[PDB]
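J.: This is start24.cif, which holds mmCIF, N, CA and C atoms and all ligand atoms:
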```cif
data_upload
loop_
_atom_site.label_atom_id
_atom_site.label_comp_id
_atom_site.auth_asym_id
_atom_site.auth_seq_id
_atom_site.Cartn_x
_atom_site.Cartn_y
_atom_site.Cartn_z
N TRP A 13 -10.51 8.25 -23.85
CA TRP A 13 -9.97 6.88 -23.61
C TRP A 13 -9.17 6.42 -24.83
N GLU A 14 -7.94 5.97 -24.55
CA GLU A 14 -7.32 4.89 -25.26
C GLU A 14 -7.08 3.82 -24.21
N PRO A 15 -6.80 2.55 -24.58
CA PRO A 15 -6.70 1.50 -23.58
C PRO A 15 -5.47 1.76 -22.72
N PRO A 16 -5.45 1.36 -21.44
CA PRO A 16 -4.21 1.42 -20.67
C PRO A 16 -3.17 0.60 -21.44
N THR A 17 -1.89 0.95 -21.30
CA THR A 17 -0.81 0.14 -21.91
C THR A 17 -0.68 -1.20 -21.15
N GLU A 18 -0.09 -2.19 -21.79
CA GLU A 18 0.13 -3.48 -21.15
C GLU A 18 1.07 -3.29 -19.95
N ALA A 19 1.99 -2.32 -20.07
CA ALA A 19 2.92 -1.96 -19.02
C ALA A 19 2.15 -1.53 -17.77
N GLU A 20 1.20 -0.60 -17.98
CA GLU A 20 0.42 -0.07 -16.91
C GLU A 20 -0.43 -1.18 -16.29
N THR A 21 -0.82 -2.19 -17.07
CA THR A 21 -1.70 -3.21 -16.50
C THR A 21 -0.87 -4.15 -15.63
N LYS A 22 0.38 -4.41 -16.01
CA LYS A 22 1.28 -5.30 -15.23
C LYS A 22 1.69 -4.62 -13.92
N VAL A 23 2.07 -3.34 -14.02
CA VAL A 23 2.46 -2.60 -12.88
C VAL A 23 1.27 -2.53 -11.92
N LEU A 24 0.05 -2.32 -12.43
CA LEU A 24 -1.10 -2.21 -11.52
C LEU A 24 -1.37 -3.54 -10.82
N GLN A 25 -1.26 -4.65 -11.56
CA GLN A 25 -1.50 -5.96 -11.00
C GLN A 25 -0.38 -6.31 -10.01
N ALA A 26 0.85 -5.88 -10.31
CA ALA A 26 2.01 -6.11 -9.41
C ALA A 26 1.80 -5.39 -8.08
N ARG A 27 1.40 -4.14 -8.21
CA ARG A 27 1.20 -3.24 -7.14
C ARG A 27 0.12 -3.79 -6.22
N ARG A 28 -0.89 -4.39 -6.84
CA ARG A 28 -2.00 -5.05 -6.17
C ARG A 28 -1.44 -6.23 -5.37
N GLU A 29 -0.68 -7.11 -6.02
CA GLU A 29 -0.20 -8.33 -5.38
C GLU A 29 0.70 -7.98 -4.21
N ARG A 30 1.58 -6.99 -4.42
CA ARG A 30 2.47 -6.52 -3.42
C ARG A 30 1.73 -6.07 -2.16
N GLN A 31 0.70 -5.24 -2.34
CA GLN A 31 0.03 -4.69 -1.22
C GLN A 31 -0.68 -5.83 -0.49
N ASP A 32 -1.23 -6.78 -1.25
CA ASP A 32 -1.88 -7.95 -0.66
C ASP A 32 -0.86 -8.68 0.24
N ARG A 33 0.37 -8.83 -0.24
CA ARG A 33 1.42 -9.56 0.46
C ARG A 33 1.83 -8.79 1.73
N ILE A 34 1.88 -7.46 1.63
CA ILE A 34 2.30 -6.66 2.75
C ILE A 34 1.28 -6.78 3.88
N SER A 35 -0.01 -6.66 3.55
CA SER A 35 -1.09 -6.87 4.54
C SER A 35 -0.98 -8.27 5.17
N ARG A 36 -0.66 -9.29 4.37
CA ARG A 36 -0.63 -10.65 4.85
C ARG A 36 0.57 -10.82 5.79
N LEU A 37 1.73 -10.27 5.45
CA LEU A 37 2.91 -10.32 6.36
C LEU A 37 2.70 -9.52 7.66
N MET A 38 2.13 -8.32 7.56
CA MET A 38 1.87 -7.53 8.71
C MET A 38 0.95 -8.31 9.65
N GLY A 39 -0.13 -8.87 9.08
CA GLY A 39 -1.04 -9.73 9.85
C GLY A 39 -0.30 -10.89 10.51
N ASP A 40 0.58 -11.57 9.75
CA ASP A 40 1.31 -12.71 10.26
C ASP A 40 2.12 -12.32 11.49
N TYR A 41 2.86 -11.23 11.41
CA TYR A 41 3.71 -10.81 12.49
C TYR A 41 2.91 -10.29 13.68
N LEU A 42 1.78 -9.63 13.43
CA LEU A 42 0.87 -9.25 14.52
C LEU A 42 0.40 -10.52 15.24
N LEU A 43 0.07 -11.56 14.45
CA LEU A 43 -0.42 -12.82 15.02
C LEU A 43 0.73 -13.47 15.80
N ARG A 44 1.97 -13.37 15.30
CA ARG A 44 3.17 -13.90 15.96
C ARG A 44 3.59 -13.01 17.13
N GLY A 45 2.85 -11.94 17.43
CA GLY A 45 3.08 -11.19 18.68
C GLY A 45 3.76 -9.82 18.54
N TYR A 46 4.08 -9.37 17.31
CA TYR A 46 4.74 -8.03 17.06
C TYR A 46 3.74 -6.91 17.45
N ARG A 47 4.24 -5.74 17.86
CA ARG A 47 3.38 -4.61 18.17
C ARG A 47 3.28 -3.70 16.93
N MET A 48 2.04 -3.31 16.57
CA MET A 48 1.84 -2.21 15.64
C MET A 48 2.24 -0.89 16.32
N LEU A 49 2.99 -0.04 15.61
CA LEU A 49 3.29 1.36 16.02
C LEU A 49 2.38 2.33 15.26
N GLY A 50 2.27 3.55 15.79
CA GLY A 50 1.53 4.63 15.14
C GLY A 50 2.42 5.46 14.23
N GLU A 51 3.41 4.81 13.60
CA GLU A 51 4.34 5.45 12.65
C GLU A 51 4.38 4.59 11.39
N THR A 52 4.67 5.25 10.27
CA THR A 52 4.85 4.62 8.99
C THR A 52 6.31 4.72 8.56
N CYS A 53 6.75 3.75 7.77
CA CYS A 53 8.07 3.72 7.17
C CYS A 53 8.26 4.98 6.34
N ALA A 54 9.37 5.71 6.56
CA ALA A 54 9.66 6.95 5.79
C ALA A 54 9.94 6.64 4.31
N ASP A 55 10.42 5.43 3.99
CA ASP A 55 10.79 5.04 2.61
C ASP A 55 9.62 4.59 1.74
N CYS A 56 8.66 3.85 2.28
CA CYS A 56 7.65 3.21 1.43
C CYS A 56 6.21 3.45 1.91
N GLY A 57 6.04 3.98 3.12
CA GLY A 57 4.74 4.39 3.62
C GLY A 57 4.08 3.32 4.48
N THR A 58 4.68 2.13 4.58
CA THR A 58 4.09 0.99 5.28
C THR A 58 4.12 1.21 6.80
N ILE A 59 3.00 0.91 7.48
CA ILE A 59 2.91 0.90 8.95
C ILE A 59 4.01 0.00 9.52
N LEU A 60 4.66 0.46 10.57
CA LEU A 60 5.83 -0.19 11.18
C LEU A 60 5.36 -1.04 12.36
N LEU A 61 6.09 -2.14 12.58
CA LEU A 61 5.82 -3.08 13.64
C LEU A 61 7.04 -3.09 14.53
N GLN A 62 6.85 -3.43 15.81
CA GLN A 62 7.97 -3.56 16.73
C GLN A 62 7.95 -4.97 17.34
N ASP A 63 9.14 -5.56 17.41
CA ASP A 63 9.36 -6.87 17.96
C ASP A 63 9.95 -6.67 19.36
N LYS A 64 9.10 -6.84 20.40
CA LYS A 64 9.46 -6.64 21.83
C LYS A 64 10.22 -5.30 21.99
N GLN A 65 11.41 -5.32 22.62
CA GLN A 65 12.33 -4.18 22.59
C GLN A 65 13.61 -4.56 21.83
N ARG A 66 13.46 -5.44 20.82
CA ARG A 66 14.55 -5.89 19.96
C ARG A 66 14.64 -4.97 18.73
N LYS A 67 13.55 -4.81 17.99
CA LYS A 67 13.62 -4.05 16.74
C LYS A 67 12.26 -3.53 16.27
N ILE A 68 12.37 -2.58 15.35
CA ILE A 68 11.30 -2.03 14.54
C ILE A 68 11.45 -2.65 13.13
N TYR A 69 10.33 -2.96 12.52
CA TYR A 69 10.35 -3.73 11.32
C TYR A 69 9.34 -3.15 10.33
N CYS A 70 9.82 -3.03 9.08
CA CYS A 70 9.00 -2.73 7.91
C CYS A 70 8.92 -3.98 7.03
N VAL A 71 7.71 -4.53 6.87
CA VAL A 71 7.55 -5.84 6.22
C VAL A 71 7.89 -5.73 4.73
N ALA A 72 7.66 -4.53 4.19
CA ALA A 72 7.93 -4.22 2.79
C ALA A 72 9.44 -4.13 2.58
N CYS A 73 10.03 -3.09 3.18
CA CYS A 73 11.43 -2.76 2.98
C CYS A 73 12.32 -3.94 3.37
N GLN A 74 12.10 -4.50 4.56
CA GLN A 74 13.04 -5.45 5.13
C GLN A 74 12.68 -6.90 4.78
N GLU A 75 11.65 -7.17 3.96
CA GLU A 75 11.35 -8.59 3.58
C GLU A 75 10.92 -8.74 2.11
N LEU A 76 9.91 -8.00 1.65
CA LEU A 76 9.38 -8.20 0.29
C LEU A 76 10.20 -7.39 -0.73
N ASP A 77 10.52 -6.14 -0.37
CA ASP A 77 11.29 -5.12 -1.15
C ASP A 77 10.32 -4.10 -1.80
N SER B 12 5.52 -16.04 27.05
CA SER B 12 4.41 -15.11 26.69
C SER B 12 4.75 -14.34 25.40
N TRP B 13 3.69 -13.89 24.73
CA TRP B 13 3.66 -13.61 23.32
C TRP B 13 2.55 -12.60 23.05
N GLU B 14 1.39 -12.80 23.70
CA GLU B 14 0.29 -11.83 23.73
C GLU B 14 -0.41 -11.75 22.37
N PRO B 15 -1.76 -11.77 22.33
CA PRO B 15 -2.49 -11.56 21.09
C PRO B 15 -2.28 -10.17 20.50
N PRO B 16 -2.62 -9.98 19.21
CA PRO B 16 -2.87 -8.65 18.66
C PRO B 16 -4.08 -8.01 19.34
N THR B 17 -4.06 -6.68 19.48
CA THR B 17 -5.12 -5.98 20.16
C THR B 17 -6.24 -5.66 19.19
N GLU B 18 -7.36 -5.20 19.76
CA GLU B 18 -8.55 -4.78 19.02
C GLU B 18 -8.15 -3.67 18.03
N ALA B 19 -7.42 -2.68 18.56
CA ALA B 19 -6.83 -1.56 17.84
C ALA B 19 -6.05 -2.03 16.60
N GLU B 20 -5.07 -2.91 16.83
CA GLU B 20 -4.18 -3.40 15.79
C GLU B 20 -5.00 -4.01 14.65
N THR B 21 -5.92 -4.91 14.98
CA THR B 21 -6.58 -5.66 13.92
C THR B 21 -7.57 -4.75 13.19
N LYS B 22 -7.99 -3.66 13.83
CA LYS B 22 -8.76 -2.64 13.14
C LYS B 22 -7.86 -1.92 12.13
N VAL B 23 -6.68 -1.47 12.57
CA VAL B 23 -5.80 -0.69 11.73
C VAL B 23 -5.43 -1.56 10.53
N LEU B 24 -5.20 -2.85 10.78
CA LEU B 24 -4.84 -3.76 9.70
C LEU B 24 -5.92 -3.86 8.64
N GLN B 25 -7.18 -3.96 9.07
CA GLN B 25 -8.29 -4.17 8.14
C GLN B 25 -8.45 -2.88 7.32
N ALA B 26 -8.33 -1.75 8.01
CA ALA B 26 -8.31 -0.41 7.44
C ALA B 26 -7.24 -0.30 6.34
N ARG B 27 -6.00 -0.73 6.63
CA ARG B 27 -4.86 -0.52 5.71
C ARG B 27 -5.09 -1.36 4.46
N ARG B 28 -5.63 -2.55 4.70
CA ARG B 28 -5.97 -3.47 3.71
C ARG B 28 -7.08 -2.88 2.82
N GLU B 29 -8.11 -2.29 3.42
CA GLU B 29 -9.20 -1.64 2.64
C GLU B 29 -8.63 -0.46 1.83
N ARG B 30 -7.85 0.41 2.48
CA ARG B 30 -7.22 1.54 1.82
C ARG B 30 -6.53 1.05 0.54
N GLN B 31 -5.70 0.03 0.68
CA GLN B 31 -4.89 -0.38 -0.39
C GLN B 31 -5.76 -0.93 -1.50
N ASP B 32 -6.85 -1.62 -1.15
CA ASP B 32 -7.70 -2.19 -2.17
C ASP B 32 -8.38 -1.08 -2.97
N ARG B 33 -8.80 -0.03 -2.26
CA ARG B 33 -9.42 1.13 -2.86
C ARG B 33 -8.41 1.88 -3.71
N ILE B 34 -7.18 2.06 -3.23
CA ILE B 34 -6.16 2.71 -4.06
C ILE B 34 -6.05 1.97 -5.40
N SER B 35 -6.01 0.64 -5.35
CA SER B 35 -5.81 -0.11 -6.60
C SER B 35 -7.01 0.06 -7.54
N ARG B 36 -8.21 -0.01 -6.97
CA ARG B 36 -9.45 0.11 -7.70
C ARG B 36 -9.51 1.50 -8.35
N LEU B 37 -9.24 2.53 -7.56
CA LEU B 37 -9.20 3.91 -8.05
C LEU B 37 -8.13 4.07 -9.13
N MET B 38 -6.93 3.53 -8.86
CA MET B 38 -5.86 3.70 -9.81
C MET B 38 -6.34 3.12 -11.13
N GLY B 39 -6.83 1.88 -11.11
CA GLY B 39 -7.34 1.13 -12.31
C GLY B 39 -8.39 1.92 -13.10
N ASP B 40 -9.29 2.57 -12.38
CA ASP B 40 -10.36 3.20 -12.98
C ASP B 40 -9.85 4.41 -13.77
N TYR B 41 -9.04 5.24 -13.12
CA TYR B 41 -8.34 6.38 -13.75
C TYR B 41 -7.53 5.91 -14.97
N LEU B 42 -6.89 4.75 -14.89
CA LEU B 42 -6.16 4.27 -16.04
C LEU B 42 -7.11 4.07 -17.21
N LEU B 43 -8.30 3.56 -16.93
CA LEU B 43 -9.24 3.14 -17.96
C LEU B 43 -9.97 4.38 -18.52
N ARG B 44 -9.92 5.49 -17.79
CA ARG B 44 -10.62 6.71 -18.12
C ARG B 44 -9.68 7.78 -18.70
N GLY B 45 -8.43 7.44 -19.01
CA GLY B 45 -7.56 8.33 -19.81
C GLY B 45 -6.32 8.88 -19.09
N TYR B 46 -6.05 8.40 -17.87
CA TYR B 46 -4.93 8.86 -17.09
C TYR B 46 -3.77 7.90 -17.33
N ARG B 47 -2.55 8.44 -17.42
CA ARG B 47 -1.39 7.63 -17.74
C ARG B 47 -0.54 7.50 -16.47
N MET B 48 0.04 6.32 -16.29
CA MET B 48 0.83 6.00 -15.10
C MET B 48 2.20 6.69 -15.19
N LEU B 49 2.70 7.24 -14.08
CA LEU B 49 4.08 7.77 -14.05
C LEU B 49 4.99 6.69 -13.44
N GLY B 50 6.28 6.73 -13.77
CA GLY B 50 7.30 5.87 -13.17
C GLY B 50 7.82 6.51 -11.91
N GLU B 51 6.93 6.75 -10.96
CA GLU B 51 7.24 7.61 -9.85
C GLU B 51 6.12 7.48 -8.80
N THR B 52 6.53 7.47 -7.53
CA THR B 52 5.68 7.32 -6.38
C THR B 52 5.55 8.63 -5.60
N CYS B 53 4.36 8.81 -5.07
CA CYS B 53 4.01 9.92 -4.26
C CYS B 53 5.01 10.01 -3.11
N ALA B 54 5.57 11.21 -2.91
CA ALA B 54 6.65 11.44 -1.94
C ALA B 54 6.09 11.41 -0.52
N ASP B 55 4.83 11.85 -0.34
CA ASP B 55 4.10 11.75 0.95
C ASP B 55 3.77 10.29 1.30
N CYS B 56 3.24 9.50 0.36
CA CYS B 56 2.51 8.24 0.72
C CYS B 56 2.99 6.97 -0.02
N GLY B 57 3.82 7.07 -1.07
CA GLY B 57 4.41 5.88 -1.69
C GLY B 57 3.64 5.35 -2.90
N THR B 58 2.40 5.79 -3.09
CA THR B 58 1.54 5.33 -4.19
C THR B 58 2.08 5.78 -5.56
N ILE B 59 1.98 4.90 -6.56
CA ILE B 59 2.30 5.27 -7.94
C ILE B 59 1.42 6.45 -8.35
N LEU B 60 2.00 7.37 -9.11
CA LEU B 60 1.37 8.60 -9.50
C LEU B 60 0.81 8.44 -10.92
N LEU B 61 -0.19 9.29 -11.23
CA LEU B 61 -0.79 9.35 -12.55
C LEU B 61 -0.69 10.79 -13.08
N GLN B 62 -0.82 10.96 -14.39
CA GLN B 62 -1.13 12.29 -14.94
C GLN B 62 -2.42 12.22 -15.77
N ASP B 63 -3.23 13.28 -15.65
CA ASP B 63 -4.41 13.43 -16.43
C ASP B 63 -4.00 14.06 -17.76
N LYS B 64 -5.00 14.26 -18.64
CA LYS B 64 -4.77 14.66 -20.04
C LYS B 64 -4.26 16.10 -20.14
N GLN B 65 -4.31 16.86 -19.04
CA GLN B 65 -3.74 18.21 -19.00
C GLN B 65 -2.38 18.19 -18.29
N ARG B 66 -1.82 16.99 -18.12
CA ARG B 66 -0.52 16.77 -17.52
C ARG B 66 -0.44 17.22 -16.05
N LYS B 67 -1.56 17.31 -15.34
CA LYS B 67 -1.47 17.46 -13.87
C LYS B 67 -1.09 16.08 -13.30
N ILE B 68 -0.16 16.07 -12.35
CA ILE B 68 0.21 14.88 -11.63
C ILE B 68 -0.80 14.74 -10.50
N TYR B 69 -1.09 13.47 -10.13
CA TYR B 69 -2.27 13.07 -9.38
C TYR B 69 -1.96 11.79 -8.59
N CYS B 70 -2.06 11.90 -7.25
CA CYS B 70 -1.97 10.78 -6.32
C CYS B 70 -3.37 10.43 -5.80
N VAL B 71 -3.86 9.22 -6.17
CA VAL B 71 -5.22 8.76 -5.86
C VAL B 71 -5.39 8.66 -4.33
N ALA B 72 -4.33 8.27 -3.63
CA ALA B 72 -4.40 8.18 -2.20
C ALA B 72 -4.54 9.59 -1.64
N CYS B 73 -3.56 10.43 -1.96
CA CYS B 73 -3.49 11.73 -1.32
C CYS B 73 -4.67 12.60 -1.76
N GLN B 74 -4.99 12.62 -3.06
CA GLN B 74 -5.96 13.58 -3.59
C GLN B 74 -7.33 12.93 -3.74
N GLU B 75 -7.60 11.83 -3.03
CA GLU B 75 -8.95 11.26 -2.98
C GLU B 75 -9.17 10.38 -1.74
N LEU B 76 -8.24 10.37 -0.77
CA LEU B 76 -8.34 9.56 0.46
C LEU B 76 -7.36 10.09 1.51
ZN ZN A 101 9.31 0.54 4.18
ZN ZN A 102 0.10 10.35 -2.11
#
```
Represent the structure contained in this file as structure tokens.

T.:
Amino acid sequence: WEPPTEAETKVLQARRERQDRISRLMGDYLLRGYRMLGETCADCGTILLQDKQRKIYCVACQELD
Amino acid sequence: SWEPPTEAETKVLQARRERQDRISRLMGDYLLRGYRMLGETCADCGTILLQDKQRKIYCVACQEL
């Protein structure tokens, strides 16, 4: 052990907050009526949602970044 | 019409949320136990990568979940 760097602690806390936000958005859109698909985003790994027969949506890529 | 989320969906959501919480907890622990964060995400799953003290690269999601 040496202590994690301050960099590593910020990135870990960021990564935490991000994932929390992604779960919260996915939940929001499921509640708003979006369909969960059995596929994940090829870019970021996030489970994909579908809005009727209008579109497929990644809450990460297409909203949070 | 709008339709609720299904039993399936809200299960997968709770699961994804648990996964992500565990990834963060695992990542943190490895950081505190001597593993250094890489500026790079797992190509399979998107998770930030670590290296151990023998410079093996290590994805907590892939190689422990
Ligand atoms: Zn994505
Ligand atoms: Zn991985």

J.: Would you give me, as number ranges by chain, the residues in chain A that DSSP reads as alpha helix (DSSP H)?

T.: A: 18-43

J.: Just want the residues within 5 Å of ligand ZN 101 (chain A), written as a list in words, counting only N, CA and C atoms and all ligand atoms.

T.: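 For ligand ZN 101 (chain A), the residues inside 5 Å are residues 53, 55, 56, 57, 58, 70, 72 and 73 of chain A.
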
J.: Selected residues, N, CA and C atoms, written as a PDB file, keeping the file's coordinate frame, please.

T.:
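And here's again.pdb as it stands now:
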```pdb
ATOM      1  N   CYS A  53       6.750   3.750   7.770  1.00  0.00           N
ATOM      2  CA  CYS A  53       8.070   3.720   7.170  1.00  0.00           C
ATOM      3  C   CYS A  53       8.260   4.980   6.340  1.00  0.00           C
ATOM      4  N   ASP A  55      10.420   5.430   3.990  1.00  0.00           N
ATOM      5  CA  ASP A  55      10.790   5.040   2.610  1.00  0.00           C
ATOM      6  C   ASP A  55       9.620   4.590   1.740  1.00  0.00           C
ATOM      7  N   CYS A  56       8.660   3.850   2.280  1.00  0.00           N
ATOM      8  CA  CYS A  56       7.650   3.210   1.430  1.00  0.00           C
ATOM      9  C   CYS A  56       6.210   3.450   1.910  1.00  0.00           C
ATOM     10  N   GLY A  57       6.040   3.980   3.120  1.00  0.00           N
ATOM     11  CA  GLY A  57       4.740   4.390   3.620  1.00  0.00           C
ATOM     12  C   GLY A  57       4.080   3.320   4.480  1.00  0.00           C
ATOM     13  N   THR A  58       4.680   2.130   4.580  1.00  0.00           N
ATOM     14  CA  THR A  58       4.090   0.990   5.280  1.00  0.00           C
ATOM     15  C   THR A  58       4.120   1.210   6.800  1.00  0.00           C
ATOM     16  N   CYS A  70       9.820  -3.030   9.080  1.00  0.00           N
ATOM     17  CA  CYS A  70       9.000  -2.730   7.910  1.00  0.00           C
ATOM     18  C   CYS A  70       8.920  -3.980   7.030  1.00  0.00           C
ATOM     19  N   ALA A  72       7.660  -4.530   4.190  1.00  0.00           N
ATOM     20  CA  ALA A  72       7.930  -4.220   2.790  1.00  0.00           C
ATOM     21  C   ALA A  72       9.440  -4.130   2.580  1.00  0.00           C
ATOM     22  N   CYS A  73      10.030  -3.090   3.180  1.00  0.00           N
ATOM     23  CA  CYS A  73      11.430  -2.760   2.980  1.00  0.00           C
ATOM     24  C   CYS A  73      12.320  -3.940   3.370  1.00  0.00           C
TER      25      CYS A  73
END
```

J.: Using only C-alpha atoms and all ligand atoms, which residues have at least one atom no more than 7 Å from ligand ZN 102 (chain A)? Output them as an MDAnalysis selection string.

T.: chainID B and resid 53:58 70:73

J.: Using only C-alpha atoms, find the one residue out of A:33, A:28, A:22, A:66 that sits nearest to chain B.

T.: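 Going through A:33, A:28, A:22, A:66 one by one, the smallest distance to chain B is for A:28.
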
J.: Considering all atoms listed in the file, tabulate each residue of chain B that lies at most 7 Å from chain A along with its nearest interatomic pair and the corresponding distance in Å to one decimal; arrange the rows by chain and ascending residue number and present them as JSON lines.

T.:
```
{"residue": "B:13", "atom": "C", "partner": "A:45", "partner_atom": "CA", "distance": 4.6}
{"residue": "B:14", "atom": "C", "partner": "A:45", "partner_atom": "CA", "distance": 5.1}
{"residue": "B:15", "atom": "C", "partner": "A:45", "partner_atom": "CA", "distance": 5.8}
{"residue": "B:16", "atom": "N", "partner": "A:42", "partner_atom": "C", "distance": 5.0}
{"residue": "B:20", "atom": "CA", "partner": "A:48", "partner_atom": "CA", "distance": 6.1}
{"residue": "B:24", "atom": "CA", "partner": "A:39", "partner_atom": "N", "distance": 7.0}
{"residue": "B:27", "atom": "C", "partner": "A:35", "partner_atom": "CA", "distance": 6.8}
{"residue": "B:28", "atom": "CA", "partner": "A:35", "partner_atom": "CA", "distance": 6.0}
{"residue": "B:31", "atom": "CA", "partner": "A:31", "partner_atom": "CA", "distance": 6.6}
{"residue": "B:35", "atom": "CA", "partner": "A:28", "partner_atom": "CA", "distance": 6.3}
{"residue": "B:42", "atom": "C", "partner": "A:16", "partner_atom": "CA", "distance": 5.2}
{"residue": "B:43", "atom": "CA", "partner": "A:16", "partner_atom": "N", "distance": 5.4}
{"residue": "B:44", "atom": "C", "partner": "A:13", "partner_atom": "CA", "distance": 5.0}
{"residue": "B:45", "atom": "CA", "partner": "A:13", "partner_atom": "CA", "distance": 4.7}
{"residue": "B:48", "atom": "CA", "partner": "A:20", "partner_atom": "CA", "distance": 6.3}
{"residue": "B:55", "atom": "C", "partner": "A:57", "partner_atom": "CA", "distance": 6.4}
{"residue": "B:56", "atom": "C", "partner": "A:57", "partner_atom": "CA", "distance": 4.8}
{"residue": "B:57", "atom": "CA", "partner": "A:56", "partner_atom": "C", "distance": 4.7}
{"residue": "B:58", "atom": "N", "partner": "A:56", "partner_atom": "C", "distance": 6.7}
```

J.: Could you state the separation of atom C of residue 12 of chain B and atom N of residue 67 of chain A in Å, given to one decimal place?

T.: 14.9 Å

J.: Could you tell me how far atom C of residue 61 of chain B sits from atom N of residue 46 of chain B, in Å to one decimal place?

T.: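 Calculated distance between atom N of residue 46 of chain B and atom C of residue 61 of chain B is 7.6 Å.
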
J.: If you measure from atom CA of residue 30 of chain B to atom C of residue 60 of chain B, what distance in Å do you get, rounded to one decimal?

T.: 16.6 Å

J.: Can you tell me, as a PyMOL selection string, which residues in chain B count as strand (DSSP E or B) by DSSP?

T.: chain B and resi 47-52+59-62+68-69

J.: Taking all atoms of segment 47-62 of chain B that the file lists and extending 6 Å past them on each side, where is the centre of the axis-aligned box and how long are its edges? Answer in Å to one decimal, as lines of an AutoDock Vina configuration file.

T.:
```
center_x = 2.6
center_y = 8.6
center_z = -8.2
size_x = 22.4
size_y = 19.4
size_z = 31.0
```

J.: Considering only C-alpha atoms, state which residue in the set B:37, B:18, B:68, B:26 is at the smallest distance from residue 49 of chain B.

T.: B:68

J.: Would you save segment 24-59 of chain B to a file, keeping C-alpha atoms, as a compact mmCIF listing (two decimals), in the first residue's frame?

T.:
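New file result-v7.txt:
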```txt
# COMPACT_ATOMS: atom_id res chain seq x y z
CA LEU B 24 -32.65 -2.21 -13.36
CA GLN B 25 -32.07 -3.16 -9.72
CA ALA B 26 -29.47 -5.70 -10.89
CA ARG B 27 -27.59 -3.09 -13.02
CA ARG B 28 -27.67 -0.71 -10.15
CA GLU B 29 -26.28 -3.40 -7.76
CA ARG B 30 -23.59 -4.39 -10.32
CA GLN B 31 -22.45 -0.85 -10.62
CA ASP B 32 -22.35 -0.31 -6.87
CA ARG B 33 -20.25 -3.46 -6.47
CA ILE B 34 -17.93 -2.42 -9.32
CA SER B 35 -17.28 0.87 -7.49
CA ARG B 36 -16.77 -0.83 -4.12
CA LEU B 37 -14.41 -3.40 -5.67
CA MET B 38 -12.58 -0.76 -7.66
CA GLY B 39 -12.09 1.33 -4.43
CA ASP B 40 -10.86 -1.59 -2.47
CA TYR B 41 -8.23 -2.57 -5.08
CA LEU B 42 -7.13 1.07 -5.16
CA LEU B 43 -6.59 1.00 -1.40
CA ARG B 44 -4.75 -2.35 -1.58
CA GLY B 45 -2.03 -1.26 -4.08
CA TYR B 46 -3.62 -1.29 -7.55
CA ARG B 47 -3.22 1.78 -9.75
CA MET B 48 -5.97 3.18 -12.01
CA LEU B 49 -5.42 3.20 -15.81
CA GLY B 50 -6.69 6.01 -18.09
CA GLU B 51 -8.53 3.39 -20.04
CA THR B 52 -11.80 1.42 -20.01
CA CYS B 53 -12.41 -2.24 -20.49
CA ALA B 54 -13.14 -2.86 -24.20
CA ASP B 55 -15.74 -5.59 -23.36
CA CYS B 56 -17.67 -3.73 -20.58
CA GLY B 57 -16.66 -0.01 -20.26
CA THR B 58 -15.29 -0.17 -16.68
CA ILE B 59 -12.09 1.74 -15.79
```
